[PDB]
Structure formats: C-alpha cells, structure tokens
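Kindly return the folded structure for what I paste below:
(chains A, B, C, D, E and F, ligands or ions: 2)
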Amino acid sequence: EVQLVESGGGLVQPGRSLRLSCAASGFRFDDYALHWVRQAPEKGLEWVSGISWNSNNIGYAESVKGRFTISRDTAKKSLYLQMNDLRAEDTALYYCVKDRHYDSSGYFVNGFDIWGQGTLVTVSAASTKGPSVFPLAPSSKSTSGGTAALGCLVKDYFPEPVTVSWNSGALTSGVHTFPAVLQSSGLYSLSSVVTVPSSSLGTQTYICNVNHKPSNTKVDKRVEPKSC
Amino acid sequence: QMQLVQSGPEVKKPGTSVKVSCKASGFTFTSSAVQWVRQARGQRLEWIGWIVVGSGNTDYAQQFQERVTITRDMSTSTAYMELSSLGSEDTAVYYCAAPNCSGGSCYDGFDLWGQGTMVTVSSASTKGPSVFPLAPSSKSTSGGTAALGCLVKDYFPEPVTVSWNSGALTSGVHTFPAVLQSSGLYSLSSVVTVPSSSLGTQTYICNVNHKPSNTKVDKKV
Amino acid sequence: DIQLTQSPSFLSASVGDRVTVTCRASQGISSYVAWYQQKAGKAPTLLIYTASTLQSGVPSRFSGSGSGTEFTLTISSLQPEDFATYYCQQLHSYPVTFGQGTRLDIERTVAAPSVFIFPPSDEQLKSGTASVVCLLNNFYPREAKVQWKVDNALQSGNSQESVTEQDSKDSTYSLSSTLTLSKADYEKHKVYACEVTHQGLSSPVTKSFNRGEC
Amino acid sequence: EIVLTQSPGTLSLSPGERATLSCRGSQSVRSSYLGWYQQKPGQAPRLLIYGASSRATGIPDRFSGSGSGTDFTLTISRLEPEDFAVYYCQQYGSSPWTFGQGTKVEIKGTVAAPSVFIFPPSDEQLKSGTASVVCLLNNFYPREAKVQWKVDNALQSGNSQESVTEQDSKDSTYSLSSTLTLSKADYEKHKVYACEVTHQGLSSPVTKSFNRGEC
Amino acid sequence: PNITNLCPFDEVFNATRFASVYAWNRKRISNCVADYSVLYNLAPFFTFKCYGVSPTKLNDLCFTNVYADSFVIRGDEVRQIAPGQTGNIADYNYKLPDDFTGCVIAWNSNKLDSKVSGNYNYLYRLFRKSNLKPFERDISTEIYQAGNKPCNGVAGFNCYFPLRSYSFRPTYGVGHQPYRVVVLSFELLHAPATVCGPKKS
Amino acid sequence: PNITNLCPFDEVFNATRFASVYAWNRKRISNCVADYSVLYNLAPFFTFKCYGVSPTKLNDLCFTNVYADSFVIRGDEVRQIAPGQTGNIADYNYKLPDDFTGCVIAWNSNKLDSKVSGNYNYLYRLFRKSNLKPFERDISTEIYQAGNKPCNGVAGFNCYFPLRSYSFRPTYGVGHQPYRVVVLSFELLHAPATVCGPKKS
Ligand SMILES: *[C@@H]1O[C@H](CO)[C@@H](O[C@@H]2O[C@H](CO)[C@@H](O[C@@H]3O[C@H](CO)[C@@H](O)[C@H](O)[C@@H]3O)[C@H](O)[C@H]2NC(C)=O)[C@H](O)[C@H]1NC(C)=O
Ligand SMILES: *[C@@H]1O[C@H](CO)[C@@H](O[C@@H]2O[C@H](CO)[C@@H](O)[C@H](O)[C@H]2NC(C)=O)[C@H](O)[C@H]1NC(C)=O
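Numbering: from 1, shown residues only, chains lettered A, B, ... in the order given. Ligands and ions are numbered 1, 2, ... in the order given. You can find the structure just below:
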C-alpha cells in the first residue's frame, strides 16, 4: 500500500519560520516526483510547489515565490517544505501529493495519484480567549406554525474546537450547527439554533453547552422566552 | 586543399534582412569553429560572435544583439549568419575565419579566412553613371606638364571601372576612390598628366564601365 | 499563466440522470488535462488523465472528451456516491492552476423558507456591540439573497452571511445572516428589518422588529 | 571589456631596417591566447602569430612575438617592400573578443615640394546646373596635408570632399584631390576661387587662385 | 515442469525511466525460464533484428546466461546501432562487437519521453580522443583538450564540454522523436545453461 | 569405347555469373569424353576431398552419367558441403546425401564476386518447414508466419522474409570471402558406359 504522512503543522505567529515534513511508504522514493498543494477553506485548490527526480527541475508559484524552499532526501525518504516570511495568506490545509511520471508537467501522461490527508497551518498574532455565550430569547417573532426557534451565539474564540449540545445531548432534533465565520476583528464566531414547539416554551428546560479545550472554558446558559 | 568560400555581393533596402553564407572544404569541418568579423572601408575591425560546429553553441557580442543569428549545416558543411534591421551602417565586408584542422588536431590560431562579402544597404536604385571631362587647358599647364581627366558621378552601384585610351596610357594615371555624396550616389575622379608638347596632337579618350547598369561610355577630352 | 473556466457552477441532479461539465481554457493546451473528484472533507482522487484515458479502478460511468480548447466530462449513470466536487487541471505550462470547481447537488422541489429574527440580548448589548440576526431555513434552492434595512434605509457592507450544508433528511438548506453594529450606533435608529428574496415566495417578505416595543 | 591600444600611430622607416610594434591591453589576459594579423588594402587579412609565442606555417622568422600581462611586442628584424601593411593584435581567452586600432607601417625618405594644380568647373557641368572646383596635389612624401578653400577672400568649409591615393610603388609619392561643389547661381554670384596649401614640405604656404570673370 | 519461475523481464521493459545512452544500465538474468512471447505484448512498431541466431527458434535451445542493456536514442541511431556500422554514437557510446549473437529491440517512446518545454534528463557524448572497445562504459565528465595546449579545466576556445543534451518536443518529426532500445546478448559457457526456454506438453 | 568429342567442361566452371545458392543449376553431361586435367590445371583448386572415390583413379574408370553443379558459398560456411553434417545452408538451401559418391571443389572469387558497395545477386534462405530431401530445388518465396497471425505478406513483427541477401566487401577478412563451389555427383551403374574418359581404342 502507498501512504503519505505529513507533520509539522499547527499555529505560527507572523514573522516565525516553520518546516513541514512528509514521509512516504510503499513505493520507490527516488524514482517518483512529488508536489505540495495547499487549500484554503471553501476556496477550491491552489498549487504551491513541485520537485523532480534528481533536483533538476523545481519551480514555485509566483504568489509564494522567494519565501518557500523545497528539499528532498532519499536517504530517509523525506520531503521538507521550509517556510519563511509567513503572512495572512498561509493559513490552509496542505497536501503532499505524489506524481506518477518522474517529472513535472509537459509529458503526455501526467496526474496527481496519491493525495495525503494534509496538515492544518494557521497564521495569526493572537492567543487563547474563552468564548462568550449570549441568549437568543424566543418570542412571538420566533414562532411560526406552532414552532419556536431558539439558540445561542458563541463568539470570541481563537482556537477551533467547538462542541455544542442541547440538554447535555438529550435534545438533538431540530438543531442546526452553522460553520464558524471569521469576522473583521480576527475572532471567529458561530451560532446554533434549535426548533421546538411554541407550546413547549416555559415548560421544558433548555441547556446550552459550549466547550473550548485550550481555554478550558465551559459555560452553560439558560435561555427563556422574553417577558413583556 | 583547405579553402573557404563566401557568397557574392549583396544589395539590400534599409529595414530588410541579410543572410551571409560561408562554406569550407578540405578539412574536418565538424571539429572546428567559425568566427564572423565585418569591416568597414578603412575602419576598425569588430567582432560579432562565434559558433562551435561540434555542438552548435553560439556566442554574441553585447553591441550586436537581438538582430544576429547563426546557423550551421554539416551535410553542406556550411555556416550562415542572419542580420535584421539593416541600415546605412551595415554596408561593409564580411569575413568568416576558422582554425584549420589537418586530422584530429587543430591549430591554436584562426588560419583559414574567406574572400569577404560586400554588403551595401541603400534605398537608391541602379542608374547609369555620368561622365564629366576635365579637359586640358593653359590653367592646367605648369612647367610643361598638363593634367587632364574624367569624373564619374551619380551612380548607385559602387563598382565602376575607368581606363585611359583603352589601356594605351598608364603612366601618370591615378584613379581616386569613390566618395558617398549626400544625394546617395557615388562619385570619383581619374587624372592623367602628359607633357605640354603632346596636347592637341592625339585624341584623349577615357572609357568608363559600369557592370550592374551595363553602361560603357567612351568620352573624348 | 493559463486560465481555466467551468460554465455551470451548480447542477442539481438525481439518480439515473445525465450530467455534463465543460472546462475550457484560453490558450490551446493540446490535451494535457486531468479531472479530480473531491469528496466531503476528503483528499481528492484522480479519475481521468489526458481527458480520454481512464487510470485504474474507476467505474465505467465516468467518461471524457476534449480537443483544442474544449474539454467535456460526462457521467452515464449517477449513484449517491458520485455527488462531490469536481476540478479540472491543465498541464501544458509549468505554473499549473486548477479551476474554480464544480459541485453536483441533489434534487428536491422548491421549499418555502421560514424567517425568524432575534433582537439583540441585553447581555450582548452590555459588551458594547449590537447584533441582529435574520434566519432562513428549510429552503431547497440554495440561491437566495438576504437584504438588511434599518429605518427603511438599505444597510450593506456591515453584515455577514453563513449557510450550512445540505441536510441528509429533507435535503434542504439553512442560512444565518448577522448584522454587526456597535452599541452607541444602535439607539439612534427606530426600525430594524431583514428582507428575503427567494424563488420559494412570489413576493419578498417584509418583517421588522421594533426596538421600542417589547 | 578588454580594450587594446597601439602606441605607434605610424612606423615610417626604410627597407632593411628593424621595426618594433607594441600593443597594450587595459587588463591582463591569458598568457598564450594572443594573435597577430597582417592585412593589406583590398585583400583578406592573413594570420602571422598564433599562441602569443609561436609562428604559423609559411611565415619567415623575421617576425617575432613577445610580451605578457597587458603588453605585447612584435619585432621585424629586416624590412622588406612587401612587409608594409596594417597589423592587428586580438585576444583569445576572455568572453568578448576585440581588435586593436591597427598600426600602419610605411616608408619615408625626404620631404619634397608637391606639385599643385587647380581646375575651375567645366562647361559641361555648368550646363548641368552645378559647379565643382578641384585642387590637386601630387608628389609629397608626408601623408598629412592642409588645404584651405577661399571664395571671394572668405573661408569655405563643410562642402569639400577629399580623396587620397595610396603609396606609389615606384617613387613613394602621394596624391590629394579636394573638390568643392556648388550650385550654378551660388557659384556665379562670386568671383574669386582659391585653394591654399601649407604643406610642411613647402617652406611657405602657396595659394592657387583664379577669377570667374576670366574663366 | 510446473512452469512457475519466470524470468523478471518486466523490470527491464516496464521501467518508468531509462538510463542515458552515454551511461547505460547492465543487468544479468539467470536461473529462470524465458517468456519471449511477452515481447510482442505491447508497442505498435517494435523491430527485432536478431543477428547471429534464428529469430523464431530461440525458445528451444538453452543458454548459459543473458545480458540486458538499455538506453534512449534518436531516430537514425536505431539504424546506426547495427553491428559493424560506423557512426559517432556507434563508435563513441556503445560499439557493438563484430561477432555479436543477440537481439536488438527499438520502439518509439514519444508519448512517454517528450516534454513541451524540452527534456533535459538525457545526455549524449559528442567527441572522444579515441574510439571505444566493445562493451565499455565511459562516464567521464572531464573537459576536452582538442588542441595541444592544455585547457586547465576551464571552458572556452578549443575547449568544449563533452556531453550535449537532446531536446525532445512533440512538434519535432519522426526522425528526431525519442526511441527506446534494449539489447539482449546471449552467452555460452561451462555452466549447465540454467536459462532454458519454455517447454510445452 | 570410340567417339572422342570433348565434353563442355569449360562453360560451367568459366561462367560470367553464378545463380544464388537456393536456386542451383544441374547440367547433364553425356556422349563425350572426359578431360579431368583442365579442372585442376587452370583454376587454383582448394578442398578437393572426393567422397568415396580416389581422385587418382578418375581417368581410367568408365562411369554411367555425370551431373554438374555450381554456386557461391559464404567462406565460413564452406564446410557445409559435406555428407553427415548439418547447418542452416544444409537444412534449407542445399544438402548432400549420406550415400554420396563424387567430388567437391571450391575456390576464392574476390575478383568477380566482390563489389565496392556489396553483392545483391546472391540470395539464401533463413528458415523453412524442416530438412529438405537430397538434391532438392526450392523456388518458394512466400512469407512465413511463425505465430498464428496470418499477416498475408506484411507485418512488423511475427512474420519474417524467408529470402535474405549477402553483402560482399573487398576489405573483408579471409573467412568472409565468398567461394565459388562446384560439386560433381557421379553414378557407378556402368550399364551404358557413355562418359568414358580418354582411353586407347
Ligand atoms: C507492462 O505492463 C503492462 C500493464 O500491466 C502490460 O500490458 C498488458 O500485458 C499483458 C500481459 O499478460 C498483455 O496480454 C494480456 O494478457 C491478459 C492476461 O489475462 C489477457 O487476458 C489479455 O487478453 C492480453 O492478452 C496485454 O495485452 C498488455 N496490455 C496492452 C494494452 O497491450 C505489459 O505487457 C507489460 N510489459 C511487459 C511485461 O513487458
Ligand atoms: C504443476 O504445475 C501446474 C501448472 O499447471 C500446477 O497446477 C495444478 O494442476 C492440477 C491439475 O488438476 C490441479 O489439481 C492443481 O490444483 C494445480 N495447482 C494449483 C496450485 O492449483 C501444479 O502446481 C502442478 N501440477 C500438479 C498436478 O501437481
């Protein structure tokens, strides 16, 4: 079996260099060409770098040219990508893909064959920040056809572990978990709501659980219909 | 025998391009090199570049760039040079020089040299030359010597030949090199000195020949 | 470099249908193209190279063709496993760049969206910012636009839009739009509303919440 | 850019003498990568010295080469009538290849007074709409001469063309033709035309003058 | 005769890359049974000019050992590879001996060894001081002293690099298109000839 | 035995050209008197090893009939003309019977059978079905299919041309020099006694 293992990812403050390592198993390392391809969230794909059999034909994308360095070692079957002068564009998931024709584009037969699972690299100057929980109080405007929608709004959390459950996991019907959205302030936010019958308001308890492992903050918030 | 032969003279219009050929015979061409040098009339030699026959690698001078190309052919054993953007400054004689090679050894110096190809770039067209008689007179007499002659003017193709009495008189005959005038046509003079006792005795004729225009004029003076 | 474009961005499809995707370049790239399929949160896998030569272990439903500056991929019969994202890659020059991507979609019938709005909470107001959220739910055509107006004046440039993936139960879509405003800027206005324009309803819904009314 | 320079502008001498010709380089070059070429007018140049220290086939030992660094020298033990030509030294090792200015070796005997003639324009040229006045000098040993054109006792420049003949093989004489060309009306509105020579062979400058009223 | 231990003829042929002509690869094959039929399993136009033996009567008789060499060459060079013919590549790179008893397989590889920009992974020697003895390997990269004066290890006039690369592009014609060549040279020695061919029934 | 007309023993040996080895000619000589001296007198004769008959008793004895043959043989393969020996030429071109009673002769023909570019008038066979019958004439030129593919005349591989031409060059070695070969097969029936040699009355 052919397998690729990537390591070295994580979080890097701007102005700090890093090195990403890729190891291979199941094929001749020094007879096949390899490429590094990065992908931003919901942004398709974009080629980054490629290398050849004997380190003769190497080239970088103009967007990242002059800041990245590719190297290959057949003694231990390793591929290194050294990063320099990191900026806000470098946060992405990286794949260490293998080519099937000992060389870059130009030959009649060419194709990216084996794609690794990739590693995640985040670039920012920030630090842990416990999330804040706000109540989304149901009201008449939230009632439609006997069903009332209520939820919570998680905000201001730099790392990206998020687990949201209703009634400590007892309630899981009608709940939508929207993906996180990066604001202009650099802090990610998300909102989750659950649909419950309008007549059930005030008689059934709602438990909003949030979790943030790096900030070790777990806040439970009570949300009740507004009082007029 | 080791010999080098170039192409014939070339006449071109400004803004056009010129191809010059140079073939070699009598030695191992595939293990030699070709050096191209062009020279103006009475000026300094300059270098244009050189190509290696073995691998086709070429080198060009910084002054002559983006307009010079060099190619070669083993089957015809001939090298060729291409010059673009022709102008009045490209009128010169081109030479191809090679180091001769008897067998597997080659001389360290460039021995074989071509006969040279004359390239002229001008917008003027071929036209017959005009003859002007510088006839003998008292103003041309000083101490028994009278100088007369013929002037050949207003001709575009440079090669023009002047003779005196179909070669009868050669002593004291001096033809002068042509000069390019502002009109774009050349002009030259031929002068002969004779004793003052011989004037008015036998007719003086100068014959001017212009091969490109096929003009032959016999002028009495 | 070389620019690649795919005309139909989103294609709703069902089982047994016929689907064709066209990827075209600017300069003639001969036949050095390939197609990749990326699943939901998985590494993409190669399907076809040179647009005609199947590589290995690929079902016969996939097929392709191409000449000059035109390249078309086709699937004879569709299965639930084939719903994914599709990319086309050129290989003529060295600076290789992919396309914008094409993703197949399931087929429902139009669904009328439900709209909800949440007035800002007192605790969120105490933080110094005011956020109003307009909710869209259970709509099959994902193509929709939400408009924010305050005091009957259109508000733009300060709202963010978020949409979730298609559900596996009803196969619909849910969208959440949030407008961010500071606390000091909140009270100078009197009417806050969100507008929804969608194919589900003939006319756009106009619903607002009064700041001064409980 | 390796520039070459030859100090001797001319090497006028007599047959049977010894001549030294030195050419200098701006910077040092390869030790055995210099050549020496001989060229005669109207003929293709021929190599004389190859390898900066050796002699090519067919060249007599009278020509010898020496020097190194930035300066090279060439010695002619015995002078011969066929040795009077132009000599060039070129580089072989550096990426650019260049040539020197070129030193002309000639023969000089004794200075002599040249014969001077002047011709106002012929009737045929006057009928042709132009007028050319020609001042000719013959039999002067030195190459350099100075001719000045005076029309109505006013200096004229920018309209004179000069043609010179090479060395004469029988008495080593030189020729010189200075032609001044003018339009019909411009030539006709002036009277006096003269050419004055201050040739160093002549003890004092001599002028030849005529008037259009007697032509 | 279960017929199980076949020769590894796939590695020689089904190879991603072939060695350069100036530095070819040598592989020995022994203790197995030949399967020459696989030879015509692929390639549209593949010549088999077997000199010294019957081209179609090779399976039956047993040989001591077989040697396999391979490289990549141009169009006319496959003609020049014939034994006894004189050519620059012939007398400078391989130099097949006159008394040769073996087969030569040359097939087009334009689809697999052509680059749009131009391949640079193939090199070939231009000139050498002396000709090559048969079955000799030369990988020297020293400069060439064509003249008597030493080059002193620097390129320039009368001093040239000995290896020149090809330039394989699709726009070129058939003559300049790449071709892959593999040569099998059979041997007979005192060994019991363990390279016996296949047996039927 | 009367009648003393000389046999035409000069046309076969002294001929402008000889046919190919595959297409050999047979001349029946009868009703004349033999003259064996001319055969070994004029032409320098090599390898005159007669089979079954002493060469010194060719004159006195009377025979039944005589057949004359002539062809051109590769110098190394000159030993193929011998009973009991196999080879490509013997198996495909021309073979001698085991019970052979006659003579064989061969001589170099570099002056007449060598061209500056190479001889193309000589043709031979590379393979066939199996061994041929003694004294057999083959004119077959159809292509053979080694495999099961009916190429019906044209094929890059799996079909080979049975006819192959030689190439003779003056700069060849002694072993490469073609040899003109003449074989005489005789009969000892002694019933008609029509080819008696020179005898008195
Ligand atoms: C190099 O590898 C390729 C791919 O594996 C080989 O291509 C195929 O090789 C087989 C050899 O068996 C050729 O014959 C086929 O065999 C199967 C066996 O069941 C048979 O069912 C088929 O009908 C066919 O006869 C096959 O034609 C060939 N493919 C093509 C497109 O030509 C290739 O032979 C390998 N080269 C070697 C081993 O030298
Ligand atoms: C010898 O080699 C043959 C190759 O054909 C092998 O095949 C066996 O054939 C017999 C005949 O019926 C089967 O019963 C066996 O099952 C076959 N072997 C296997 C592994 O399936 C076999 O290795 C040998 N043949 C015998 C008869 O032993």
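
List the buried residues in stretch E:58-67.
E:58, E:59, E:63, E:65, E:66 (16 or more other CB atoms under 10 Å in any protein chain shown). To be clear about C-beta, it is placed using only N, CA and C from the backbone, and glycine gets the same treatment.

so who does the first one touch?
In this case it means residue E:58. Applying CB atoms under 8 Å, 6 or more residues apart in numbering or on different chains, one finds that residue E:58 lies in contact with E:34, E:36, E:50, E:197.

ok, and the most crowded of the residues you listed?
residue E:34 (21 neighbours; other CB atoms under 10 Å in any protein chain shown).

Leaving out chain neighbours, which residue sits closest to that residue?
Spatial nearest neighbour of residue E:34, excluding adjacent residues (CB to CB, 6 or more residues apart in numbering or on different chains): residue E:197 at 4.9 Å.

coming back round to it: out of the contacts of residue E:58, who's nearest chain A?
Nearest to chain A among these: residue E:34, at 26.1 Å, using CB to the nearest CB.

correct me, but that closest one touches residue E:193?
No: if you go by CB atoms under 8 Å, residue E:34 and residue E:193 don't touch, sitting 12.0 Å apart.

intersection of neighbour lists for the two?
By CB under 8 Å, 6+ apart, no residue touches both residue E:34 and residue E:193.

Would you mind giving the domain segments of chain C?
Split into domains by CATH domains of a matching chain, chain C comes to C:4-105, C:114-210.

Please apply the same query to chain A.
A:3-123, A:132-223.

And the ones you listed: which comes nearest residue C:151?
domain A:132-223 (18.3 Å; CB to CB).

Quick check: end-to-end length of that closest one?
14 Å (CA to CA, to the nearest Å).

roughly how far out does stretch B:206-213 sit from the chain middle?
In terms of CA atoms, centre = their mean, to the nearest Å, the centre of stretch B:206-213 is found 16 Å from the chain centre.

Quick check: which of the domains of chain C is nearest to ligand 1?
Checking those against ligand 1 by CB to the nearest ligand atom gives domain C:4-105 as the closest, at 10.2 Å.

In chain E, which residue is most central in space?
For chain E, the residue nearest the mean C-alpha position is residue E:70 (3.5 Å; CA atoms, centre = their mean).

Hmm, residue A:84 is touching residue A:16, no?
No: using CB under 8 Å, residue A:84 is not in contact with residue A:16, being 9.7 Å away.

What residues does residue 152 make contact with?
If you meant another chain, say so; for now it's chain A. Applying CB under 8 Å, 6+ apart, the residues near residue A:152 are A:133, A:134, A:135, A:136, A:164, A:191, A:192, A:193, A:208, A:210, A:221, A:223.

wait, I meant chain B there
By CB under 8 Å, 6+ apart, the neighbours of residue B:152 are B:129, B:130, B:131, B:160, B:162, B:187, B:188, B:189, B:190, B:208.

so what's the last one up against?
Applying CB under 8 Å, 6+ apart, we find residue B:208 in contact with B:129, B:131, B:150, B:152, B:160, B:161, B:162, B:215, B:216, B:217, B:219.

wait, which of those residues is closest to chain A?
residue B:160 (59.6 Å).

show me the residues around the closest one that make contact.
Residue B:160 makes contact with B:129, B:152, B:178, B:186, B:188, B:208, B:209, B:210 under the criterion CB under 8 Å, 6+ apart.

Scan these and report the most crowded one.
residue B:152 (25 neighbours).

is ligand 1 contacted by stretch E:45-58?
No: between stretch E:45-58 and ligand 1, judged by CB under 6 Å from any ligand atom, nothing touches; the nearest distance is 10.9 Å.

Next, the residue most central in space within chain C: secondary structure please.
The C-alpha lying nearest the average C-alpha coordinate of chain C belongs to residue C:142 (CA atoms, centre = their mean; 7.0 Å). Put simply, residue C:142 is coil when judged by DSSP: H, G, I helix; E, B strand; the rest coil.

Who are the contact partners of the residue lying closest to it once chain neighbours are set aside?
Excluding its sequence neighbours, the residue lying closest to residue C:142 (CB to CB, 6+ apart) is residue C:173, at 4.7 Å. Residue C:173 makes contact with C:138, C:139, C:140, C:142, C:163, C:164, C:166, C:167, according to CB under 8 Å, 6+ apart.

try residue C:95
A:47, A:59, A:61, A:62, C:1, C:2.

any idea how far chain A is from residue B:92?
Between residue B:92 and chain A the distance is 44 Å, computed by CB to the nearest CB, to the nearest Å.

element containing the closest residue to chain B within chain E?
Minimum separation of chain E from chain B (CB to the nearest CB) falls at residue E:164, amounting to 4.9 Å. Element membership of residue E:164 [criterion: DSSP states H and E] is strand E:163-165.

Which strands and helices lie in contact with that strand?
strand E:123-125 (3 or more CB pairs under 8 Å, 6 or more residues apart in numbering or on different chains; DSSP states H and E).

what does the strand it packs on contact?
E:20-22, E:73, E:89, E:92-93, E:138, E:162-166.

now, among those, which is nearest to chain C?
Nearest to chain C among the contacts of strand E:123-125, with distances taken as CB to the nearest CB, is residue E:165, at 18.3 Å.

Just give me the neighbour total for the closest one.
Neighbour count for residue E:165, taken as other CB under 10 Å: 14.

My read is that it contacts residue E:120, right?
Yes: shown here, residue E:165 and residue E:120 form a contact pair, counting by CB under 8 Å, at 5.4 Å.

Sticking with the nearest residue to residue A:19 once chain neighbours are set aside, tell me its helix or strand.
Once flanking residues are discounted, residue A:19 sits nearest to residue A:82: 5.0 Å by CB to CB, 6+ apart. Assessed by DSSP H and E, residue A:82 sits inside strand A:78-83.

List the neighbouring strands of the next helix-or-strand element following the strand holding residue E:164 plus their orientation.
Heading C-terminal from strand E:163-165, the first helix or strand you meet, by DSSP H and E, is strand E:179-187. With DSSP bridges as the test, strand E:179-187 is paired with strand E:65-73 (antiparallel), strand E:102-108 (antiparallel).

CA atoms of the last one as CSV?
To tie it back to what came earlier, the one meant is strand E:102-108. Extracted in CSV, the C-alpha atoms of strand E:102-108 (Å, rounded to 0.1, in the frame of the first residue of the first chain):
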residue,chain,number,x,y,z
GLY,E,102,21.9,-11.3,-29.8
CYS,E,103,18.7,-9.3,-30.5
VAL,E,104,18.1,-5.5,-30.6
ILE,E,105,14.6,-4.1,-29.8
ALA,E,106,13.9,-0.4,-30.7
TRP,E,107,10.5,1.2,-30.2
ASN,E,108,9.0,4.6,-30.3
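
What lies in contact with that strand?
Contacts for strand E:102-108 (CB under 8 Å, 6+ apart): E:39, E:43-53, E:55, E:73, E:78, E:81-82, E:177-186.

Ok, the first one next?
Defining contact as CB under 8 Å, 6+ apart, one finds that strand E:65-73 is touched by E:12, E:15, E:18-21, E:24-30, E:34, E:81, E:89, E:93-94, E:106, E:109, E:113, E:122, E:124, E:178-187, E:189, E:191, E:195.
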